Structure formats: structure tokens, C-alpha cells
**Student:** 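Please read through the structure below; I'll follow up with questions.
Below, each value reflects all heavy atoms present in this structure, side chains not excepted, and no hydrogens, waters or symmetry copies. For the single chain, residues carry numbers from 1 onward in sequence order. Indexing begins at 1, ligand by ligand and atom by atom, following the structure's order.
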Amino acid sequence: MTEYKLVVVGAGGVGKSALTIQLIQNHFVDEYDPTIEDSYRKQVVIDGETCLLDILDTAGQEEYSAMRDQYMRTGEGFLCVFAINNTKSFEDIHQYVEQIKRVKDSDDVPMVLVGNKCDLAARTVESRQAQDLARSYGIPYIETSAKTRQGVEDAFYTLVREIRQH
Ligand SMILES: Nc1nc2c(ncn2[C@@H]2O[C@H](COP(=O)(O)OP(=O)(O)NP(=O)(O)O)[C@@H](O)[C@H]2O)c(=O)[nH]1
Ligand SMILES: [Ca+2]
Ligand SMILES: [Mg+2]
Ligand SMILES: [Mg+2]
């Protein structure tokens, strides 16, 4: 069966682990344990096709930035996550995308931009601001809440589907 190698990236605390754990294990992680680098795998049917999701949950803490090249070499598609209540995390998205593009030596890398924590009302990144950034990349923008599950499957499955247009 087809295996898809997904990598979840973004600034510390934007909800990468919570997003991944909600997809794979169907519960919300309320506590904040910073990640170094974890792996998850799951068999899912997407558009009538059985496939294996291999998901790498990466470190947002800048301390582990040296590990980025290795996983950007391996990953097939990148979920680029910021939190809609954390403008700096939105501003940090580009540093992840620029490096993925260098490492891949390509402008056409399967990616989805994700504005997470859309359940929270303290919004400082407006959806239109993120839409404009996604448009410049030529990639989808999808808002999510790892807490309520809104958009969680859509974001990951859209990323699968971008690796398939590729
Ligand atoms: N309300 C709300 N809280 C969320 C959401 N996603 C994550 N959080 C909360 O935000 C905190 C950080 O979550 P986490 O998933 O660990 O972020 P991270 O991006 O994995 N951090 P790191 O880069 O250090 O591994 C946790 O307390 C988590 O419960 C969301 O969609 N909504
Ligand atoms: Ca919980
Ligand atoms: Mg984490
Ligand atoms: Mg503003």
C-alpha cells in the first residue's frame, strides 16, 4: 500500500503534537510537554485507497533547529502550523518554508498552511492574512482546533492529497 511521509513543523507551542495526537489517537492533550522528535504511524483509507500515514512530530523549540535538515530531507509533505493567537508563530512560518525549499531544492514542495487553535477567541492572525501567505506559496490554508477536532482530518488529508497532485 502507499506510504505517505508527513512532517509537522512550526514554532513552539502552536499545537503540533496536539494536532498529531488528535488525528492518530482521537483525544486532546491539554498539557504542554515540548517535543524533541516523535514518530506516529497509522493505516487509513483516503479517497477509497488504503494508505499508511507516517507522521513525524517535530520540535518547535529553536534549541533543536539543527535536526531540521535531516527530517526535511526525508519528509514528503509538510504541515506548516502556526497558532491564530500567536502572531510571532505566523511570522515564523517562512523560516520553516524557506528551509524546506532549500533542502528540497524546489519551489514545488507538498505543503499545507495550518492556523491552529481556531477555538480560541484571542485571534491576532486574521484568516485573510494567512490566506495571502498561502496564496504566495500556491498552497492551501486550513484552520484547525486540536481541542475540538475541527479541521484536523481535513488538514492532514489535504496534505496527503497534495503529495498526490505532486
Ligand atoms: N485551545 C487549544 N489549545 C491547543 C490547541 N492545540 C494545542 N493546544 C494547547 O497548546 C499547548 C501546546 O501544545 P503542543 O501540541 O504541545 O504544541 P507543540 O507545537 O507540539 N510544542 P513543541 O514545539 O514544543 O513540541 C498545549 O497546552 C495544548 O493543549 C488547540 O487547537 N486549541
Ligand atoms: Ca486530555
Ligand atoms: Mg510537540
Ligand atoms: Mg493585526
Side-chain angles (χ1 to χ4, degrees), residues 4-42 44 52-61 63-72 74-93 95-100 103 109-137 139 141-160:
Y4 295 98
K5 308 198 182 191
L6 285 44
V7 180
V8 182
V9 307
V14 305
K16 301 182 299 302
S17 294
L19 276 174
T20 301
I21 290 163
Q22 179 73 258
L23 183 82
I24 296 293
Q25 307 180 353
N26 298 89
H27 62 96
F28 180 54
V29 182
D30 303 74
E31 73 200 81
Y32 184 173
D33 290 339
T35 310
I36 311 311
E37 193 165 296
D38 302 332
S39 181
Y40 301 87
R41 276 152 82 84
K42 199 181 198 186
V44 58
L52 178 67
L53 301 199
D54 185 278
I55 302 177
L56 195 81
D57 179 29
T58 65
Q61 291 186 331
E63 207 180 328
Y64 303 92
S65 63
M67 301 169 71
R68 283 172 199 179
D69 173 282
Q70 184 43 236
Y71 69 60
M72 296 176 179
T74 304
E76 296 176 342
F78 303 82
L79 211 77
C80 305
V81 185
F82 66 98
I84 60 111
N85 69 332
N86 183 344
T87 280
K88 175 61 155 146
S89 75
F90 180 71
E91 297 179 342
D92 285 343
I93 281 287
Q95 98 164 249
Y96 277 97
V97 170
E98 313 309 322
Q99 182 177 6
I100 289 156
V103 172
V109 179
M111 296 182 297
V112 162
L113 183 71
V114 168
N116 188 43
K117 314 197 186 182
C118 73
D119 55 291
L120 297 180
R123 171 178 296 257
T124 59
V125 190
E126 299 312 320
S127 170
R128 154 82 151 155
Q129 293 176 314
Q131 291 169 34
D132 289 351
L133 173 56
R135 177 181 320 109
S136 76
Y137 293 146
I139 67 178
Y141 174 61
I142 302 184
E143 294 203 341
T144 61
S145 174
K147 183 179 186 150
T148 70
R149 282 186 66 79
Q150 173 162 41
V152 172
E153 294 190 19
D154 193 18
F156 281 99
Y157 294 174
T158 296
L159 185 60
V160 166

**Student:** Looking at the Ca ion (ligand 2), is there an N, O or S atom belonging to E31 that lies under 3.0 Å away from it?
**Tutor:** no

**Student:** Check whether any side-chain heavy atom of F156 lies under 4.5 Å from a side-chain heavy atom of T158, and answer yes or no.
**Tutor:**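 They are not in side-chain contact.
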
**Student:** Does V29 bring an N, O or S atom to within less than 3.0 Å of the Ca ion (ligand 2)?
**Tutor:** no

**Student:** Side chains of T144 and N116: donor-acceptor distance under 3.5 Å anywhere?
**Tutor:** yes

**Student:** Please determine whether a side-chain nitrogen of the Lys or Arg among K16 and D57 lies less than 4.0 Å from a carboxylate oxygen of the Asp or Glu.
**Tutor:**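 Answer for the salt bridge query: no.
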
**Student:** For the Mg ion (ligand 3), check which protein N, O or S atoms are under 2.8 Å away and list them.
**Tutor:**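 Checking every protein N, O and S atom gives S17 OG, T35 OG1.
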
**Student:** Between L6 and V8, is there a side-chain heavy-atom distance shorter than 4.5 Å?
**Tutor:** no

**Student:** One thing to verify: whether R68 and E37 come together as a salt bridge, which I'm taking to mean a side-chain N less than 4.0 angstrom from a carboxylate O.
**Tutor:**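 Not counted as a salt bridge, because no side-chain N and carboxylate O are separated by less than 4.0 Å.
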
**Student:** Starting from the Ca ion (ligand 2), look over the N/O/S atoms of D30 and name the nearest one.
**Tutor:**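 Result: OD1.
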
**Student:** Could you go through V9 and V81, starting from their C-alpha distance and side-chain angles, then the distance that decides it, and tell me whether this counts as side-chain contact (heavy atoms from CB on, under 4.5 Å)?
**Tutor:** CA-CA 6 Å; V9 307; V81 185; over 6 Å; no

**Student:** What orientation do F82 and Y141 show, parallel under 30°, tilted 30 to 60°, or perpendicular over 60°?
**Tutor:**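 Ring orientation, 0 to 90° scale: parallel.
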
